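As structure tokens, the structure follows; a few thoughts come after it.
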Amino acid sequence: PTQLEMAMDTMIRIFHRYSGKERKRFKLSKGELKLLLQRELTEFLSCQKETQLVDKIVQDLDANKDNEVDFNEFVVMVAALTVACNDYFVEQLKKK
Amino acid sequence: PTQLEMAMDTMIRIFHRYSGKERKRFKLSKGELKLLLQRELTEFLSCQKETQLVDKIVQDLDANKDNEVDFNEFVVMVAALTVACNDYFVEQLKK
């Protein structure tokens, strides 16, 4: 497959790795989404404790842990979180 | 980076290389997207003749050539096209 298709396959796979067995495909509960981020992003617990933005996103996932998210919302979150965590990692390199 | 991060990296990267100059970052025009899909998906034009939905999207891409889509919309569409174009059942019919 092409590069785009292989990236898409990896993300759909990783999405449904955290899906409940009863849920409509391409949907997650916010609790499951939170577990996804803690396990599938680089040093997410470090990033989330030191960055107010990532912290407020994650605490909203806790408040509505049973509400469901679709694939679009998942893509919004991951893209925003990776951007915020990269700024955080880059700046930690200058502190180290 | 993790696998999810590298996968998202590949898509941001592909998204931006078909991006024009006049674009607020993380947005893309439906016309530019059509060029992206034709060159970045396997035999995209032939999947259009095999699925009704893929045909609909392409004609929406041409009717609103100058409307713009954000990055998540593009990713969601790619998820739709990859699911629709590489369906297990359809492919095993084309023996």
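Where nothing but the Cβ of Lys and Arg (+1) and of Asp and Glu (-1) is charged, how large is the charge dipole of chain A around its Cα centre, in debye to the nearest 20?
In total the dipole reaches around 240 debye.
Do the alpha carbons of any pairs in A:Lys30/B:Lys27; A:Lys27/B:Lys94; A:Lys27/A:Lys65; A:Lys30/B:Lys30 sit beyond 20 Å of each other, and which pairs?
Violating the 20 Å Cα-Cα cut-off are A:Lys30/B:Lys27; A:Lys27/B:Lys94; A:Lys30/B:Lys30.
How big is the gap, in Å, between the Cα center of the stretch B:48-64 and the Cα center of the stretch A:30-93?
That distance is 34 Å.
Most exposed first by the Cβ proxy, i.e. fewest other Cβ within 10 Å, how do A:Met77, B:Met77 rank?
Ordered by Cβ neighbours within 10 Å, fewest first: B:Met77, A:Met77.
Given H placed on each backbone N at 1.01 Å, which residues far from A:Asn67 in sequence or on other chains put an amide H within less than 5 Å of it?
A:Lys30
In whole angstrom, and with the biggest value first, how far do the Cα coordinates of chain A range along each principal axis?
Extents along the principal axes: 44, 39, 18 Å.
Hey, what number do you get for the protein assembly as shown at 222 nm if only DSSP H runs of n ≥ 4 count, each worth -39500 (n - 2.57), divided across all residues, to the nearest 500?
Helix contribution divided over all residues of the protein assembly as shown: -22000 deg cm²/dmol.
What distance in nm separates the two pseudo spin-label positions at B:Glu73 and B:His16, each 7 Å out from Cα along the beta-carbon direction?
Distance between label points: 2.1 nm.
Enter the angle in degrees (range 0 to 90, nearest 10) between the Cα long axis of helix B:52-63 and the first principal axis of the Cα atoms of chain B, meaning the one along which they spread out most.
So the inclination is approximately 30 degrees.
If r is the Cβ-Cβ distance from A:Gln92 to B:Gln92 and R0 is 45 Å, what FRET efficiency results, to the nearest 0.05?
Between A:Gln92 and B:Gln92 the formula returns 0.35.
Between exposed GluC sites (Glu not before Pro) in chain B, where DSSP calls loop and at most 14 other Cβ atoms lie within 10 Å, what's the longest gap?
With a cap of 14 other Cβ atoms within 10 Å, the longest stretch comes to B:44-95.
To the nearest 10 degrees, how steep is helix A:30-40 against the longest Cα principal axis of chain A, on a 0 to 90 scale?
The helix A:30-40 is inclined about 60 degrees to chain A.
If you line up the long axis of helix B:3-17 against the longest principal axis of chain B, both from Cα atoms, how many degrees apart are they, to the nearest 10?
Between the helix axis and the principal axis of chain B, the angle is about 70 degrees.
Just to check, using Stokes-Einstein with a Kirkwood Rh over alpha carbon pairs, what's the diffusion coefficient of the protein assembly as shown at 4 °C and 1.567 mPa s in µm²/s?
The estimated diffusion coefficient comes to 72 µm²/s.
None of the figures in this text is laboratory data; all of them are computed from the coordinates on show. Neighbour counts run over all protein chains shown; Cβ positions are idealised from the backbone, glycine included.
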